[PDB]
Amino acid sequence: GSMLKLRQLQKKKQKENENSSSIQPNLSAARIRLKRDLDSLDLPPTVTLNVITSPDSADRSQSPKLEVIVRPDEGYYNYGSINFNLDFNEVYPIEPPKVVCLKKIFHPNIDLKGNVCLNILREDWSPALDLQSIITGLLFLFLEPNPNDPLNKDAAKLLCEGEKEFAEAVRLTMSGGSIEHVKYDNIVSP
């Protein structure tokens with residue numbers, strides 16, 4: 001670094017503290033942009049969203065966090081409920097939120113750790129994309145699963161092995177059943 005940058009950072013922190021003590025603190029660029037994305041949402045009935053931690057806080061340390069619940073009404077995963085946490089850092093929209101799947105599910109593009117392989121989250125991310133895009137992308141994973149980004153090799157294999165086969169494996173796992181020796185969550189309630 002440089003002594004100047006040092007001094008500049010320290011003045012900035014001072015300003016940040018001042019701002020957090022005002023009534024009605026100014027929100028960071030990242031939080032203002034997330035509010036705008038949230039205010040502009042146009043969700044289909046198959047997707048519901050819960051604000052867990054709001055971009056409305058002035059608390060730098062409390063990252064905004066959303067829960068997104070996908071309940072497809074068609075396709076292999078019809079009527080299953082798959083929820084995701086979306087965690088935003090102060091660098092949105094330059095970086096997209098971190099997305100974590102909160103259920104063990106049998107899907108080629110999601111691993112057992114909750115990692116989700118969705119192109120717009122990395123190689124195809126642009127700051128001109130928005131929360132609506134991410135959410136639509138998560139939905140589309142269940143409407144058109146792709147065996148070509150195989151985080152879960154068993155699911156990727158079965159999808160290639162035909163539709164009746166994959167359909168029944170998905171129905172079993174969504175009801176809490178096991179494939180090979182891994183147990184999946186029951187996500188079919190109601």
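Each value, and the rule that gives it
- In this view, residue numbering begins from 1 on each chain in the order the sequence is written and may differ from the entry, while residues that lack coordinates are not shown.
- Excluded from the side-chain calculation are hydrogens and water; included are all heavy atoms of the structure.
- Residues with missing side-chain atoms are left out of burial classes, side-chain pairs and their counts.
- The term nonpolar core refers to a set of buried residues drawn from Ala, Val, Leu, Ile, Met, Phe, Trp, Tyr and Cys, joined through side-chain atoms within 4.5 Å.
- Only protein chains enter the accessibility calculation, which uses a 1.4 Å probe. A residue is then buried if its area is under 20% of the maximum for its type, exposed if over 50%, and partly exposed in between.
- In this description a helix means any DSSP run of H or I spanning at least four residues, a strand means any run of E spanning at least two, and both kinds are numbered starting from the N terminus.
- A contact between two residues is defined here by any heavy atoms of the two lying within 4.5 Å.
- UniProt positions are given in the numbering used here, feature names are shortened, and annotations may be inferred rather than shown by experiment.
- Under this definition, polar contacts are N or O atom pairs within 3.5 Å; protein pairs additionally need one hydrogen-donor-capable and one acceptor-capable atom, and for neighbouring residues in sequence, both atoms have to be side-chain atoms.
- By convention in these notes, a salt bridge is any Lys or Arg side-chain nitrogen within 4 Å of a carboxyl oxygen on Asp or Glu.
- By this rule the span expected of a helix is its residue count minus one, scaled by 1.5 Å.

In the PDB header, X-ray crystallography is given as the technique by which the entry was determined, and 2.003 Å as its resolution.

Visitor: Break down the nonpolar core for me, with residues and values.
Guide: One finds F84, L86, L131 and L138 to be the most contacted residues of the largest nonpolar core, which totals 43 residues. Contributions of two or more residues to this core are made by α2 (29–39), β1 (47–53), β2 (65–70), β3 (82–87), β4 (98–101), α3 (131–143), α4 (153–160) and α5 (163–174). The contact partners of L131, leaving out residues within four places of it in the chain, are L34, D37, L38, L41, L49, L66, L86, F88 and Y92.

Visitor: Please provide a residue-by-residue account of the UniProt feature "active site" in the chain, values included.
Guide: Mapped onto this numbering, the UniProt entry annotates "active site" at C117. Inspection of the secondary structure assignment puts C117 in the loop between β4 and α3. Setting aside residues up to four positions removed in sequence, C117 forms contacts with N109, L141, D149 and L151.

Visitor: Break down unusual backbone geometry for me, with residues and values.
Guide: For residues other than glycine, phi is negative in most cases, and the peptide bonds are mostly trans. Cis peptide bonds are those with omega within 30 degrees of zero, and the linkage from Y92 to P93 qualifies with 5°. You can see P93 is positioned in the loop between β3 and β4. Phi is positive for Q24, which is not a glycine, with a value near 55°. Along the chain, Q24 turns up in the loop between α1 (3–21) and α2. Relative accessible area serves as the criterion here: at 70%, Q24 is assigned to the exposed category.

Visitor: Give me the UniProt feature "domain: UBC core" in the chain: which residues, what numbers.
Guide: The feature "domain: UBC core", as given by UniProt, occupies residues 29–179 in the numbering adopted here. Between the C-alpha atoms that bound residues 29–179 the distance is 45 Å, and the span itself is 29% helix and 17% strand.

Visitor: Can you break down the side chain of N152 residue by residue, with the values?
Guide: The residue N152 is located in the loop between α3 and α4 in this model. Residue classification places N152 among the buried positions, given a relative accessible area of 6%. A distance of 3.1 Å separates a polar atom in the side chain of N152 from the backbone nitrogen of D154. Every residue in contact with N152, bar those within four places of it in the chain, is listed here: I105, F106, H107, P108, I110 and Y184.

Visitor: So what's going on with the side chain of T173? Which residues, and what values?
Guide: With respect to the helices and strands, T173 occurs in helix α5. Its relative accessible area of 2% is what places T173 among the buried residues. One polar contact links the side chain of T173 to the main-chain carbonyl oxygen of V170, over a distance of 3.0 Å.

Visitor: How would you summarise the pattern of salt bridges if you had to cite specific residues and measurements?
Guide: Applying the stated criterion to the full structure yields five salt bridges. Across the salt bridge formed by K35 and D56, the nearest N and O atoms sit 2.7 Å from each other. Residue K35 is located in helix α2, and its partner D56 is located in the loop between β1 and β2; the two are separated by 21 residues in the primary sequence. The class of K35 is partly exposed, set by a relative accessible area of 27%. Among the salt bridges present, the one from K65 reaches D87, with a minimum N-O distance of 2.8 Å. Separated by 22 residues along the polypeptide, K65 in strand β2 and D87 in strand β3 bring together distant segments of the chain.

Visitor: I'd like to hear about α3, residue by residue, with values.
Guide: The end-to-end C-alpha separation of α3 is 19 Å, in line with the 18 Å expected for 13 residues at 1.5 Å each. All buried positions along α3 are accounted for by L131, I134, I135, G137, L138, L139, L141 and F142. In this structure, the buried residues of α3 make contact with α2, β1, β2, β3 and β4.

Visitor: Tell me about the environment of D42, and please be specific about residues and values.
Guide: Along the polypeptide, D42 turns up in the loop between α2 and β1. For the pair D42 and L151, spaced 109 residues apart in the sequence, the C-alpha separation amounts to 29 Å.

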